[PDB]
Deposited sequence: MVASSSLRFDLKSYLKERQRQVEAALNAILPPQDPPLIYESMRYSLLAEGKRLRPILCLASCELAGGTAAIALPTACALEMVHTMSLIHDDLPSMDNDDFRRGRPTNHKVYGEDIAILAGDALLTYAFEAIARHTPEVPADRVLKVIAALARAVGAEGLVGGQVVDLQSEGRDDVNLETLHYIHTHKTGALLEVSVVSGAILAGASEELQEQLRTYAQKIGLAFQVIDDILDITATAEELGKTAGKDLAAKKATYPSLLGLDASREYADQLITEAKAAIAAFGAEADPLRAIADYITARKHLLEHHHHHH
């Protein structure tokens, strides 16, 4: 049974929030000098994206009683960090991809040196945007956002995940603990901080923060498990490690835990519920 309001239109909500996010991104990082670095940063940042991390941040902030206005810099920051992770991941020294967000990868247009530096500058600007542009929130909470984002993106999060992912590439012995580590760190950490950052800015209790963290962790993992089921319902995977049946049950357990974490809230949780209902629905429609 879908948790969100029966009429909730997720496609419509995401489209509006995407436009709002993309207008904020354009204004927060305007063309500046030297033109080439700002051109390269904006090339990747403003390329077509779903903007799910910023949208989760704004939604979590609102759910916790805050405004979009206080969260928008942090929302932009999450997208800058996500964008710089893709720029670095696409590089010839990493995945060596020719295409990203429907255009040539940054390094194909600007060279590997400029792409690396554009990534470095977007990572740095994420922290500046939060520190310099976050309105009304007391410094102590903005610093908590800085610390949480930094922990989520570095060796304890996104980069730690990227490293184990790279170490796993040539191997035939990847176990569930490794696969779980990659999903929770390479992708999970930043999803978690996207919702938790919104709650911190709003001044939410540690309890509320932890409920959103659980939501994000479980919905993130449910997404990866269902993705692996879809791949074979058409290199360690949930099916290759658990079998198909236990993968289906795990996905259902993950969605149930995600929905439970935000069960207490009213209509402000509808966007997060709709995201879970959609991922649930895609799971059920194979069975």
Checklist entry - What's missing from the model if you number the deposited sequence from 1? => result 1, 236-251, 305-310
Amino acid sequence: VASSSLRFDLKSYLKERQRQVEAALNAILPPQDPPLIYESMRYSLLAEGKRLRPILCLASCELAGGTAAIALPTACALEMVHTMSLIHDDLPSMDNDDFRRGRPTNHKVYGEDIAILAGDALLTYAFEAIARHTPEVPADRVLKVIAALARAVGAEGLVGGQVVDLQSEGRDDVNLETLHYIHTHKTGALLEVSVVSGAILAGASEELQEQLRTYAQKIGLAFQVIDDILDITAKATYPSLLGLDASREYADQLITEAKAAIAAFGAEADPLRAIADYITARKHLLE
From here on, numbers count along this sequence of modelled residues.
Checklist entry - For the stretches 50-58 and 235-243, which has the higher mean C-alpha B-factor as given in the deposited record? => result 235-243
Checklist entry - Mean C-alpha B-factor higher for 190-198, or for 162-170? => result 162-170
Item to check | Given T67, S44, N26, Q224, the residue at which the Cα B factor reaches its maximum | outcome: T67
Checklist entry - Can you tell me which of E156, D113, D89, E210 has the highest Cα temperature factor in the record? => result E210
Item to check | Record-listed C-alpha B factor of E177: chain third | outcome: highest
Checklist entry - Lowest, middle or highest third: where is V21 by Cα B-factor in its chain? => result lowest
Checklist entry - Based on the entry's values, in what third of the chain does the Cα temperature factor of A258 lie: lowest, middle or highest? => result middle
Next on the checklist: Considering every modelled residue of the chain and its Cα B-factor in the PDB entry, is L123 in the lowest, middle or highest third?
Outcome noted: lowest
Item to check | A251 by Cα B-factor - lowest, middle or highest third of the modelled chain | outcome: middle
